[PDB]
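Worksheet for the structure shown next.
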Amino acid sequence: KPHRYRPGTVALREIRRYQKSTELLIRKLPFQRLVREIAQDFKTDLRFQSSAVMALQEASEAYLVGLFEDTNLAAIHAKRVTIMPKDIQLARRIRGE
Amino acid sequence: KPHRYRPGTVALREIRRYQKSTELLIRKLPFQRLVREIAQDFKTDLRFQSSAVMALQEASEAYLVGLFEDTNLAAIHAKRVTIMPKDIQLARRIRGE
Amino acid sequence: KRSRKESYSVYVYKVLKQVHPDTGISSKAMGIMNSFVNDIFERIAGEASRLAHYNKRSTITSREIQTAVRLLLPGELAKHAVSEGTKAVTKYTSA
Amino acid sequence: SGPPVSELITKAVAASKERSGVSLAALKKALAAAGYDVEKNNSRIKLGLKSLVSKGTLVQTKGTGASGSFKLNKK
Amino acid sequence: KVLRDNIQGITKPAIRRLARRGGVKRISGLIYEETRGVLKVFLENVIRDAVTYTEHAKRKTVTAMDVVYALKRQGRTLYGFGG
Amino acid sequence: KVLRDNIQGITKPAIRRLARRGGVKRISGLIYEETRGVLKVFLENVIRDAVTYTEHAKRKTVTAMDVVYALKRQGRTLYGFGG
DNA sequence: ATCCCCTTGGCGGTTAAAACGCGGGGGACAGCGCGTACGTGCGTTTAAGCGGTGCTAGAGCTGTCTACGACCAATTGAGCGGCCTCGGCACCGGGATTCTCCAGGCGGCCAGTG
DNA sequence: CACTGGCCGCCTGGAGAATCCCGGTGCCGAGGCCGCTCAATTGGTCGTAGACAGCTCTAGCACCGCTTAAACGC
């Protein structure tokens, strides 16, 4: 029998390893393509620093980390280990959007 | 037998009556006593303008009613209509205090 | 050449060697510290401005910024900063 | 050792006889009053509930499976 | 001159009426005392800030302007008293 | 020339790592699309501020300086790139 | 008006990024009652509300004065730019420990029986 | 009704593997050295804002007499 771990244990291993991780968690190039995509939705033929791609990358991931730690607080308040979209929606509502 | 309404509809009558009203629900004199007491806890023999007491009264009014509408959001999150103080602790945490 | 682009690298390095002579520093951490210096400095400067105009004061003095520190810095961090700044200004006025 | 716990379940559900079925709260506190480690034997009372519902000596009032509330059968 | 127990000055029916304005239907019994506590800590922040404003002014009476100003620097600005 | 979908380039497994940082242990399938949606909303607000800076800078290339400026205005001040 | 540099544009190799299917397996959730706990209906009381009275603390304005601090020319010096070496660490190779999940026993318990 | 037997659910044990845990290496950012120049300071000046006395008056504070609304309670 090939060895298999129970669900959540690999998830919790990912939790521990990536709270331990400090690097950027997103592929760089599609994020660059996406910020350029939203840029030409606003102004034409617009250019970016690579440092600006880094900055939006790290700000975006940290902001999402804020939304998801609020999501765990909401979900354990909702007595769920499986989150739903309404957790994130309520977090956006309370955060002062 | 004297007439008696079911538990809840008198509460909703109070609800509807009070968003149609504007009146400051906190009694003036014990609020002034409380603000003098808390101020005396820090710095002594401290006097309050009546305008200051009143202004702080709608301030505290709005702060707590914002907290209660937020905890009603937390309660309908929790499939509940009776809020419990962990809703308030949640709201304090995810608002960021 | 290039124009001199200003940063707080040397002084944080000085206090670093002052309080931990054996430790090192990285470039990312130094950028974080420069952003921290800028952030706390601008918060205190903004609150000092608000105290200046609320009292219609044309100047921000040690009383103004000291009060602003009690506003911004909480609790024991605030009183320790008051102690440090008071010791510093007494040493400064001692020339 | 002693007698099997299913007999305790049957006497606990026959002691009350409400017009509706008895849920698990009153059953587990009836076993607590009679004397039983209800905290450590959740699986044992679950298999007891499955055995008594499945064999047909007892009928479920309104719930489904071990969920819900239970009453006595017609005879 | 000294006051001891003004946390109970904000009465239980006052708390119930507060939660009526916030749209709360049912209010459990544990709510009143800890809501007194969180109102207390909110006023500790607001009054500490405002009283700090007053002692900055070398004034001795707390003014409504300092209450709304200490509100506004906490991101809680109020309309209706000179802000 | 133009691009029509790079929102999905912030992929489903990438969103899974991001929520693994937040401590989220089980994620249903419905969350991910709304996360990219609110990602679009936030980054749309930030880049609106940023291009408004950039057009006010009378330049055509975005720097990280106006990025951290816009993060300052929105209230999510970023350390590491100031100055 | 320019200049020069980091982004833009284009190119080749690769392996992790992803990605999708299988399958186990962890999960939300209605619901059926039960515990109970405020919600609401009154009575009671008492203190807040209202009205009136005397005091004065300090809020706030005015005058005085002086304490204090930007500006500026100048001198200089210590940190910014720039280059340059070097070992802590970035990456690499081999071994324990968690850990954890899985294999075989212990025990409770249900089930049959003299 | 006790005695005995067998199977589900925990009890006990144990081995593979991810990540930590012992060295090995080479390197490039980090610590350090040098030119300098832009900026840090110094003294004098000007000029100005605010700290403080006085004062005054006014609104806040101290006190009292009713009255049911509100608080308290069951």
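Protein chains in written order, with the deposited numbering: chain E, 37 to 133; chain A, 37 to 133; chain D, 30 to 124; chain U, 35 to 109; chain B, 20 to 102; chain F, 20 to 102. Cβ coordinates follow ideal geometry from the N, Cα and C atoms, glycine included.
Selected residue, minimal CA-CA separation from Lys64/E, among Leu103/E, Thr45/E, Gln85/E and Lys56/E: By one-based count along the first sequence, residue 64/E stands at place 28. It is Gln85/E whose Cα lies nearest to the Cα of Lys64/E.
Segment limits, alpha helix (DSSP H) that includes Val89/E: Taking the first residue of the first sequence as 1, we reach residue 89/E at position 53. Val89/E -> alpha helix (DSSP H) spans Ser86 to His113.
Whole-Å CB distance - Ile130/E paired with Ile119/A, under 8 Å assumed: Position 94 of the first sequence, counted from the start, is the residue given in the question as residue 130/E. Position 83 of the second sequence, counted from the start, is the residue given in the question as residue 119/A. That belief does not hold up - the Cβ atoms of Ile130/E and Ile119/A are roughly 14 Å apart, past 8 Å.
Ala76/B at chain D interface by Cβ criterion, 8 Å: Locating residue 76/B in the fifth sequence gives position 57, counting from the first residue. Under the Cβ criterion of 8 Å, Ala76/B is counted among the residues facing chain D.
Residue from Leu97/B, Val70/B, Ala76/B and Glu52/B whose Cα sits closest to the Cα of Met90/A: Your numbering for residue 90/A matches position 54 in the second sequence. Of the residues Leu97/B, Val70/B, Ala76/B and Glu52/B, the one whose Cα lies closest to the Cα of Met90/A is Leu97/B.
Through-space distance from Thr54/B to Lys20/B, alpha-carbon basis: Taking the fifth sequence and counting its residues from 1, one reaches residue 20/B at position 1. Taking the fifth sequence and counting its residues from 1, one reaches residue 54/B at position 35. If I take the Cα positions, the gap works out to 26 Å.
Below-8 Å beta-carbon distance, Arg129/E vs any chain A residue: Position 93 of the first sequence holds residue 129/E. Output row for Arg129/E: interface = yes.
Beta strand (DSSP E) segments (min. 3 residues) lying fully within the segment 57-104 of chain U: 92-94
Closer than 8 Å to chain F by CB, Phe65/D: What you label residue 65/D is simply residue 36 of the third sequence in a count that begins at 1. Chain F contact via Cβ: present.
Three-state secondary structure assigned by DSSP to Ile46/F: One-based indexing of the sixth sequence puts residue 46/F at position 27. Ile46/F falls in the strand class under three-state DSSP.
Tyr70/U versus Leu86/U, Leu106/U and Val39/U, residue with shortest Cα-Cα distance: Locating residue 70/U in the fourth sequence gives position 36, where the first residue counts as 1. The residue with the shortest Cα to Cα distance from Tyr70/U is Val39/U.
8 Å Cβ cut-off: residues of chain D touching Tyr98/F: In the sixth sequence, the residue the question calls residue 98/F occupies position 79. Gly60, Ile61, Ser64, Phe65 and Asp68, listed in chain order.
For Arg78/F, the residue or residues it bridges with in DSSP: Within the sixth sequence, the letter at position 59 stands for residue 78/F. Looking at the DSSP assignment, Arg78/F forms no beta bridge with any residue, so it has no partner.
One or two residues paired with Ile89/D in a DSSP bridge: Mapped onto the third sequence, residue 89/D falls at position 60. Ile89/D is not bridged to any residue.
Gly102/F and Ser55/D closer than 8 Å at C-beta: Reading the sixth sequence from its first residue, position 83 is the one you call residue 102/F. Reading the third sequence from its first residue, position 26 is the one you call residue 55/D. No, the Cβ-Cβ distance between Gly102/F and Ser55/D is not below 8 Å.
Under 8 Å between C-beta atoms of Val65/B and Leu37/B: Taking the fifth sequence and counting its residues from 1, the one referred to as residue 65/B is at position 46. Taking the fifth sequence and counting its residues from 1, the one referred to as residue 37/B is at position 18. The Cβ atoms of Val65/B and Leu37/B lie no closer than 8 Å to each other.
Supposed close pair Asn108/E, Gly41/F - CB separation, criterion 8 Å: Your numbering for residue 108/E matches position 72 in the first sequence. Your numbering for residue 41/F matches position 22 in the sixth sequence. Confirmed, Cβ separation roughly 6 Å.
Span separating the alpha-carbon of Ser35/U from that of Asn75/U: Here residue 35/U refers to the residue found at position 1 of the fourth sequence. Here residue 75/U refers to the residue found at position 41 of the fourth sequence. If you take the alpha carbons of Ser35/U and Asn75/U, they lie about 14 Å apart.
Nearest-angstrom Cα separation, counted from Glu74/F out to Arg67/F: Here residue 67/F corresponds to residue number 48 of the sixth sequence, with the count starting at 1. Here residue 74/F corresponds to residue number 55 of the sixth sequence, with the count starting at 1. One C-alpha to the other measures close to 10 Å.
Reduced DSSP secondary structure (H/G/I, E/B, other) of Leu60/A: The sequence position of residue 60/A within the second sequence is 24, counting from 1. Reduced to three states, the DSSP call for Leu60/A is coil.
Where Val57/F falls, given that 16 or more other Cβ within 10 Å makes a residue buried: Position 38 of the sixth sequence holds residue 57/F. Buried, by the Cβ-count rule.
Burial state of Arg72/A, where buried means 16 or more other Cβ atoms lie within 10 Å: Residue mapping note: residue 72/A aligns to position 36 of the second sequence, counting from 1. Counting Cβ neighbours within 10 Å, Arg72/A comes out buried, since at least 16 surround it.
Residue closest to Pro32/B, alpha-carbon to alpha-carbon, out of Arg78/B, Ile50/B, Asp24/B and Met84/B: If you number the fifth sequence from 1, residue 32/B lands on position 13. Among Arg78/B, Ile50/B, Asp24/B and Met84/B, the Cα nearest to that of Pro32/B is on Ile50/B.
Candidates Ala127/E, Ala47/E, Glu133/E and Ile112/E, of which the one nearest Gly94/F by Cα: Here residue 94/F is taken as the residue at index 75 of the sixth sequence, counted from 1. Nearest of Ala127/E, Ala47/E, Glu133/E and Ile112/E to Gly94/F, Cα basis: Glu133/E.
Pair within 8 Å by beta-carbon distance, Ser54/U and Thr95/U: Against the fourth sequence, residue 54/U aligns to sequence position 20. Against the fourth sequence, residue 95/U aligns to sequence position 61. The answer is yes: Cβ separation under 8 Å.
Identity of the residues DSSP links to residue 135/E by a beta bridge: The displayed coordinates of chain E run from 37 to 133. Any statement about residue 135/E would go beyond what the structure contains.
Local Cβ density within 10 Å of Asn63/D, reported as buried at 16 or more and exposed below that: For this step, residue 63/D is matched to residue 34 along the third sequence. Buried, by the Cβ-count rule.
Where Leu65/A sits in the DSSP three-state scheme: The sequence position of residue 65/A within the second sequence is 29, counting from 1. Reduced to three states, the DSSP call for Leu65/A is helix.
Residues of the segment 93-118 of chain D with Cβ closer than 8 Å to any Cβ of chain B, in chain order: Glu93, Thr96, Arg99 and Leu100
Status (buried if at least 16 other CB within 10 Å, exposed otherwise) for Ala59/U: What you label residue 59/U is simply residue 25 of the fourth sequence in a count that begins at 1. So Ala59/U ends up on the exposed side.
Where the segment 77-88 of chain D meets chain B: residues whose CB sits under 9 Å from a CB there: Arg79, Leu80, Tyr83 and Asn84
Buried versus exposed, by CB contacts within 10 Å (16 or more), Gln47/D: The residue given as residue 47/D occupies position 18 in the third sequence. By the 10 Å Cβ count, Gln47/D comes out exposed.
Burial state of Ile62/A (16 or more Cβ within 10 Å): Position 26 of the second sequence, counted from the first residue, corresponds to residue 62/A. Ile62/A comes out buried.
Where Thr54/B sits in the DSSP three-state scheme: Counting from 1 along the fifth sequence, the entry for residue 54/B is found at position 35. It is helical.
Contact set between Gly42/F and chain E, taken where Cβ atoms lie within less than 8 Å: Walking along the sixth sequence from the start, residue 42/F turns up at place 23. Under the 8 Å cutoff, chain E gives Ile51, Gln55, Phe104, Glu105 and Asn108.
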